[PDB]
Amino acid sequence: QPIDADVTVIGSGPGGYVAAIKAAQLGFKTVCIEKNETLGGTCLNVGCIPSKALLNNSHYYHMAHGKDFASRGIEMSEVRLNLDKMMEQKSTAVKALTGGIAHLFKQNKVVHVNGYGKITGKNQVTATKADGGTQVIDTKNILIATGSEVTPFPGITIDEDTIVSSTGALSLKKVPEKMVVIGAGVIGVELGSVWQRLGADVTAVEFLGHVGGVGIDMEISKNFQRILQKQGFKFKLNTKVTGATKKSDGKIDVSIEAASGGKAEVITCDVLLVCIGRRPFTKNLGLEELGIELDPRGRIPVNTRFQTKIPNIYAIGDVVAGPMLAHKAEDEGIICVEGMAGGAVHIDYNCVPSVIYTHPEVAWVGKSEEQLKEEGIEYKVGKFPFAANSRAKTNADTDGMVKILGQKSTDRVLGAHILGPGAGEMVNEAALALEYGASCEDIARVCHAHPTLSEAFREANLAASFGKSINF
């Protein structure tokens, strides 16, 4: 039953499924191969979607259970959590979106092959189903989008029961009394905050000195961390984890110590979440036999068109270099496939935004103060606090600020950093400004609707440009 094809996409994560849909829309005969029961990859099944759902639901639970609603005159007798139901709402979103991808595949005439894909030749891919049922695909182009997997922590073994990765953390059957998070990056903070809201006593342990992962702005990170602690989220930074052992009561002894040395102690938890990162997944894909070697971090090396060492074999997304983010993978899948149609292929990772969907939210795009200092770029700074923003105040949601970084003399926006309400959505306005090479003054002169959170974005740019804003 062999199949001929112009483009064969291995993996249906954000990178694969978007590249597949697009390849079909451009006229390519397109096959997409996926090993798991559903399409959509890490983002839709065990990543972005379920975490964002739990972040939403747990936030509302916090508002209800707390003082927020009562200050608003919404008096509720006795607020209780129904964790199963909450998890149901999360699964529903995942089901609908994963199913939606099958639908889009069908609508665009993308051929969906269910099985483990292995590149069995420069112009051939073979999918092996569970039952050993094989399926061969002869193709002009191969697009590798095989994604990423949990990076294991040496010594500690994940069982998705009481020692969990992000995957187990998203499906706990009950709120842990006490929970430790190994790693205070974007994902650890989000999942940590979720359970903390639901009643968990939570501590994140991080080897570096700041929360939020690489590229986050020091001042933004520090203010963020501070606010999280006020909420009850606990952090031990510049701290190393040496191991963990399962006690006889079921609880878990985690042993730590300063990253520099000593101060050895022991913290105990009911659930241990290992969240130190993710790494490229290329297992049994057949790169070895092809002579395509990896870089020292497991990533498939590619040129500016996303071509590997072998000109008709392409790679995109988490499995290659750059920010391991879903919108990054999608963009790459699009421009790569455009390239196969003779298009131009250009992406700049400095224009890729990041978001943390906690509350407050954190979002940024472009360059941080630290990245500017170490490149020897001369810059000015404008800041506006959400405390003086009308829609934020009116909602009594006033934590945080917008910080704009401009080139000292060209007024060129270099980076925009948001901590506070609506940051995730707001950073997209900043992204657009970067694409056009906006100057701080430019954004300051654009009429913004009032009252909106976005005015804080406007004001911050006004302060960077003119030295002064209006409402602060």
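In case it trips you up, residue 1 is the first one in the sequence shown, and so on.
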- request: With reference to the PDB entry, specify whether the mean Cα temperature factor is higher for 223-231 or for 69-77.
  value: 69-77
- prompt: Of 140-148 and 285-293, which one has the bigger average CA B-factor?
  reply: 285-293
- request: Compare the CA B factors listed in the entry for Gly115, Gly188, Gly121, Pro323 and report the winner.
  value: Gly121
message: Sorting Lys328, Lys90, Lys380, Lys263 by Cα temperature factor from the record, which one lands on top?
response: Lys263
- prompt: Can you tell me which third, lowest, middle or highest, the CA B-factor of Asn238 falls into for its chain?
  reply: highest
- prompt: Taking the C-alpha B-factors as the PDB entry records them, is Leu272 in the lowest, middle or highest third of its chain?
  reply: lowest
message: Using only modelled residues of the chain, where does the Cα B factor of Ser409 rank: lowest third, middle third or highest third?
response: highest
task: Using the B-factor values recorded in the entry, state whether the Cα atom of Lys373 falls in the lowest, middle or highest third among the modelled residues of its chain.
output: highest
statement: Of the three thirds of the chain ranked by Cα temperature factor, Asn350 occupies the highest
